[PDB]
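S.K.: So I pulled this structure from the PDB, and the sequence comes with it:
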Protein chains: 2
Amino acid sequence: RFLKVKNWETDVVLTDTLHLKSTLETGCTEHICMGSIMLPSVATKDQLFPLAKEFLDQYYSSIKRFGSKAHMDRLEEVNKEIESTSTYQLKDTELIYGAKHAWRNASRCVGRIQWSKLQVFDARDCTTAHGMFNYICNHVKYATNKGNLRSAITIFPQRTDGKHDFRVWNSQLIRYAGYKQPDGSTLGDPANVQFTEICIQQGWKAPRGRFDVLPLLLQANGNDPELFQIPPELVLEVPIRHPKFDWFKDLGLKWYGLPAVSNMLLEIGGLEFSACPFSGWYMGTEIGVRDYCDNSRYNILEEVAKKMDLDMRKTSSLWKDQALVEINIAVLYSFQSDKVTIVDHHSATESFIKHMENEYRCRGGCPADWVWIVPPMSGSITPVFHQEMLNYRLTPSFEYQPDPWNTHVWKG
Amino acid sequence: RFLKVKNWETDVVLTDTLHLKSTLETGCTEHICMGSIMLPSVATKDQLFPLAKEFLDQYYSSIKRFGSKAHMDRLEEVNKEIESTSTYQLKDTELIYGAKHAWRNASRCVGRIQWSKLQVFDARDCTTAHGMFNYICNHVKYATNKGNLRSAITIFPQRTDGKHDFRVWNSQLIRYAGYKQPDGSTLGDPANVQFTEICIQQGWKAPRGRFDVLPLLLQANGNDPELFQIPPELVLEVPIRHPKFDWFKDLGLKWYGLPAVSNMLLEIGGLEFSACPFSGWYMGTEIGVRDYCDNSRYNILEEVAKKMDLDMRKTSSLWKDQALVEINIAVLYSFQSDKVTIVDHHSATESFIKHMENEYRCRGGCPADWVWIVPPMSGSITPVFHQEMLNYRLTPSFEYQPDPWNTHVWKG
Ligand code: HEM
Ligand code: HEM
Ligand SMILES: Cc1cc(N)nc(CCCN2CCC(F)(F)CC2)c1
Ligand SMILES: Cc1cc(N)nc(CCCN2CCC(F)(F)CC2)c1
Ligand SMILES: C[C@H](O)[C@H](O)[C@H]1CNc2nc(N)[nH]c(=O)c2N1
Ligand SMILES: C[C@H](O)[C@H](O)[C@H]1CNc2nc(N)[nH]c(=O)c2N1
Ligand SMILES: [Zn+2]
């Protein structure tokens, strides 16, 4: 009823009561745990009012006006609007609160110490794909802020019936293109080979190289999506160099500064925002480990090991491990030397522990997904490795949604 | 009902139906996942027969004689013995099967590809702490096999009433002593400071140094435990050197060859074996990462970084990561150069994937604990990082049990 999580490096115990407010389901049961499953598995008007009331009661509890006159009138005001319209509209203040607590509740995010410093851009007056492009461009410019990255979200109109959906078809606002070859291999980013081809289908002309920034595929109000090129002056990039190995520039690697997710769904008070691109700043490992060294991504451990002169015959020479660390010292160094905000996995995981402490103190808990919080290298030398974490689903939240090209009723 | 687990590096899917045979509870519910909780939380005669029948039905199913005459007679024979004695005794063949499947079912063990090659030593005729010492000595000698390590388990008499318990008080047969100081710090292994002091209480004379092998504290048939020194010729050790850095010998580190757990409980057909030391061989990271580099263990990242000439001022120089890899290349190299069996985390995790495949094919599943299977360094460059895993509890099994000094009714 009042569960306990322990840290096995400091012996610190914390008591979780926030999980009692949890509502959605995890996928786990009393007899099977699905904590390593990546994605465990129209809305009517009856279901909407409890979700609205639940959300309204915590918004007014947060401005220290729980159950007052202003609360009960907005309760009544939203009920009458759900009767009238079968849906409702958030105030600007409720949207900013909802968006900030979707991030706060994001159990897979190690960066949440920053959750209250989120800049929310209301794009609910948008009606066309061009309007979307303009809003997204202003998001990219604001969030980048000349390399002093600022976290932000842009929120396009909520879902209504279902066949009128705003969607960003890119999985991230800024991604590199992936082209397969006649000889079967892959240039660029293999993750986006499918999306890179959809752009070619709709008319993109590819500069078939490595780090080619993809165009935006924007869908407005259910209509077929349309292509727009982000002005290249708006795409900040960092060339990767090493502070010891001057052969590292010869590798000719670079990465974009802005991590900006655009394929998830924002849920606030039962309303569904199918297009809500949000952005922060990178933790180093996301680029240096997953992006650069996944076998099905850029997969550069091969070459970094070569140029270091390493024993690549035997698996147990740990040459993969040894090249992995050099690559991540270089991503960090390059970003910092250009004053482009980045955080190392040691500082980021310390901050999360400190954030976890604050949450248990002033909130009664912190939903956290250990499988996703522990970084993909040097896990046990970071403090989150030794921290027990309870995972549960609170709302407002960010959720996964199917890719648009599997679900969109086309019209030629 | 027939769940699916995916690998996100190869896109291989496998279907799990073994989880339906699962019985015990995980700690997770539909609303909270406890997959990162380390330890989530007398036996009467009524409860014993279903557990015996369940176990007997799968033993005879395994020798291809399910429900035959020999099965039903042993079913009857064990029922009558549970009526008569309120407990029962396993045949030698049932004990060897049970022990092997407790290992097979060990969801936190990455080494299970070896599960059917387990040497089982029946010590159920043991009655005294001296007898225990002799059995454990023969286990240590057999399992070490001059450095060609062999996996083995020794099984002392099962629990009966509860106040007559056989226990090994050491957490492992071979561990290094931990002494705190007058100046507050720690020499040796800080994990065992408590146990190292209990030995001093009962009469151990400490050679207060670093890698001092602890004595055995053995408890027979509920009696107060007694101290025995393993013959030092029986404790194989590997001095750690590096294949590049000749200053590495100056560190003066060494580790024992035999990982041999002695603090867990073996459950077979509802019988409880409170003393069942089992041993295998080390995966490199257990020593080089957890043993050597945990903040609350030996904690040598400090010195290895010094001797490498590293930028220790800034967290983001990844000097911890860089010294971590060198330490693990050295543990591997030292063990292999001495022909003492060890496995690197790359080979071990590949073998587990291949073991997982075999299990799903011929068994319908493989209970696996992702949080424990992914190694504590370079996680995402090993194949288990990208493998979804279902965790569930099958029997026979190894379980945790309280330390004996918290539960033992002493008599001066
Ligand atoms: C401020 C700097 C931030 C850092 C350092 C950070 C770091 C991370 C990392 C490393 C992950 C794991 C993702 C992966 O490994 O692919 C993650 C996940 C996530 N982040 Fe944060 N993030 C930041 C900002 C944000 C913001 C501003 C939001 C939302 C407004 C957000 C929402 C999420 C969500 C919902 C997830 C989990 C969903 C998913 O990616 O599958 N993050 N974050
Ligand atoms: C054959 C070589 C073996 C290897 C390479 C291996 C490897 C591992 C590793 C790395 C762990 C994680 C433990 C930790 O990180 O502290 C583990 C856990 C475990 N091993 Fe294996 N192991 C081996 C043999 C065995 C044997 C022979 C048994 C039993 C007869 C066994 C039973 C277990 C159990 C029950 C656990 C989880 C319980 C726990 O330690 O908390 N292992 N193993
Ligand atoms: C805002 C932000 C900051 C950051 N530092 N990193 C990320 C990465 C999120 C990765 N996540 C992968 C799965 C998905 F595609 F479904 C959604 C995106 C996002
Ligand atoms: C047989 C074996 C082989 C191996 N390579 N490694 C181990 C380590 C087990 C670690 N595990 C920690 C928690 C515990 F103490 F509760 C029980 C022991 C065991
Ligand atoms: C808090 C967390 O559960 C704890 O640190 C676990 C994580 N995973 C682990 N994995 C292994 N193999 N061994 C461990 O001791 C741990 N510790
Ligand atoms: C199979 C497993 O669930 C999958 O690889 C997960 C593991 N943990 C992760 N953790 C983070 N941060 N990002 C990821 O993509 C993943 N992938
Ligand atoms: Zn679970």
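M.R.: Sure, I can see it. Numbering: from 1, shown residues only, chains lettered A, B, ... in the order given. Ligands and ions are numbered 1, 2, ... in the order given.

S.K.: Wait, a helix at residue A:393?
M.R.: No. Per DSSP: H, G, I helix; E, B strand; the rest coil, residue A:393 lies outside any helix segment and is coil.

S.K.: The closest residue to ligand 7 within the stretch 251-400 of chain A and chain B, how far apart?
M.R.: Nearest to ligand 7 in the stretch 251-400 of chain A, going by C-beta to the ion, is residue A:391, at a distance of 7.4 Å. In short, each C-beta sits where N, CA and C put it, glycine included. Distance of residue A:391 to chain B, given as C-beta to the nearest C-beta, to the nearest Å: 4 Å.

S.K.: list the contacts for the residue lying closest to that residue once chain neighbours are set aside?
M.R.: Using C-beta to C-beta, 6 or more residues apart in numbering or on different chains and skipping the chain neighbours, the partner closest in space to residue A:391 is residue B:33 (4.2 Å). Contact analysis of residue B:33 by C-beta atoms under 8 Å, 6 or more residues apart in numbering or on different chains lists A:26, A:27, A:28, A:33, A:34, A:35, A:390, A:391, A:392.

S.K.: any idea which element the residue in the stretch 101-250 of chain A positioned nearest to ligand 7 lies in?
M.R.: Using C-beta to the ion, residue A:107 is the residue of the stretch 101-250 of chain A that sits closest to ligand 7, at 12.4 Å. Assigned by DSSP states H and E, residue A:107 falls within no helix or strand.

S.K.: Which parts of the stretch 251-400 of chain A are strands?
M.R.: A:254-256, A:260-261, A:265-268, A:271-273, A:278-279, A:282-283, A:342-343, A:397-399 (DSSP state E, counting those that start in this stretch).

S.K.: so which of those comes closest to residue A:87?
M.R.: strand A:271-273 (7.3 Å; C-beta to C-beta).

S.K.: Residue A:305: neighbour count?
M.R.: Other residues lying near residue A:305 total 19 when counted by other C-beta atoms under 10 Å in any protein chain shown.

S.K.: residues contacting it?
M.R.: Contacts of residue A:305 (C-beta under 8 Å, 6+ apart): A:312, A:319, A:320, A:322, A:323.

S.K.: one more time with 10 Å
M.R.: Applying C-beta atoms under 10 Å, 6 or more residues apart in numbering or on different chains, we find residue A:305 in contact with A:311, A:312, A:317, A:319, A:320, A:322, A:323, A:324, A:326.

S.K.: Which residues of chain A lie near ligand 6?
M.R.: Counting by C-beta under 6 Å from any ligand atom, the positions of chain A adjacent to ligand 6 are A:36, A:38, A:371, A:372.

S.K.: re the thing from before, which one of the contacts of residue A:305 sits in the busiest neighbourhood?
M.R.: The contacts of residue A:305, ranked by neighbours (other C-beta under 10 Å): first place residue A:324, 29 neighbours.

S.K.: Tell me which residues touch that residue, please.
M.R.: Neighbouring residues of residue A:324 by C-beta under 10 Å, 6+ apart: A:285, A:288-289, A:292-293, A:300-301, A:304-305, A:318, A:376-378, B:318, B:321, B:325, B:377-378, B:380-381.

S.K.: Check residue A:231 too.
M.R.: Neighbours of residue A:231 in contact, by C-beta under 10 Å, 6+ apart: A:137, A:140, A:141.

S.K.: For ligand 2, what's its nearest residue on the stretch 301-412 of chain A.
M.R.: Relative to ligand 2, the nearest point of the stretch 301-412 of chain A is residue A:380 (9.3 Å; C-beta to the nearest ligand atom).

S.K.: How many residues are close by the residue nearest to that residue when sequence neighbours are not counted?
M.R.: Nearest residue to residue A:380 in three dimensions, chain neighbours excluded: residue B:376, at 3.4 Å (C-beta to C-beta, 6+ apart). Other residues near residue B:376 number 22, with proximity taken as other C-beta under 10 Å.

S.K.: cool, residue A:331 as well?
M.R.: Counted with other C-beta under 10 Å, the neighbours of residue A:331 add up to 27.

S.K.: Just give the nearest non-adjacent residue to it, would you?
M.R.: residue A:288 (4.1 Å).

S.K.: hey, where'd the strands end up in the stretch 101-250 of chain A?
M.R.: A:119-122, A:152-155, A:167-168, A:178-180, A:186-188, A:216-219, A:226-228, A:237-239.

S.K.: So which elements touch the third one?
M.R.: Meaning strand A:167-168. With contacts taken as 3 or more C-beta pairs under 10 Å, 6 or more residues apart in numbering or on different chains; DSSP states H and E, strand A:167-168 sits against helix A:129-144, strand A:216-219, helix A:404-407.

S.K.: What's the nearest residue in chain A when you look at ligand 6?
M.R.: For chain A, C-beta to the nearest ligand atom, closest residue to ligand 6: residue A:372, 4.0 Å.

S.K.: for the spatially closest residue to that residue that is not a sequence neighbour, what are its contacts?
M.R.: Spatial nearest neighbour of residue A:372, excluding adjacent residues (C-beta to C-beta, 6+ apart): residue A:108 at 3.9 Å. Neighbour list for residue A:108: A:367, A:368, A:369, A:370, A:371, A:372, A:373, A:391, A:398 [criterion: C-beta under 10 Å, 6+ apart].

S.K.: same question, residue A:20
M.R.: Residue A:20 sits next to A:1, A:2, A:3, A:364, A:365, A:392, B:31, B:32 when contact means C-beta under 10 Å, 6+ apart.

S.K.: same thing but at 6 Å, please
M.R.: If you count contacts by C-beta atoms under 6 Å, 6 or more residues apart in numbering or on different chains, residue A:20 has none.

S.K.: Can I take it that it is in a strand?
M.R.: No. Applying three-state DSSP, one finds residue A:20 to be helix, outside a strand.

S.K.: returning to what we had before: any chance of the strands of the stretch 101-250 of chain A in JSON lines, with mean neighbour count and distance to ligand 3 too?
M.R.: Shown next, in JSON lines, are these (neighbours: other C-beta atoms under 10 Å in any protein chain shown; distance: least, C-beta to the nearest ligand atom, whole Å):
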{"stretch": "strand A:119-122", "mean neighbour count": "17", "distance to ligand 3": "13"}
{"stretch": "strand A:152-155", "mean neighbour count": "26", "distance to ligand 3": "9"}
{"stretch": "strand A:167-168", "mean neighbour count": "26", "distance to ligand 3": "12"}
{"stretch": "strand A:178-180", "mean neighbour count": "19", "distance to ligand 3": "15"}
{"stretch": "strand A:186-188", "mean neighbour count": "18", "distance to ligand 3": "18"}
{"stretch": "strand A:216-219", "mean neighbour count": "24", "distance to ligand 3": "15"}
{"stretch": "strand A:226-228", "mean neighbour count": "18", "distance to ligand 3": "21"}
{"stretch": "strand A:237-239", "mean neighbour count": "17", "distance to ligand 3": "14"}
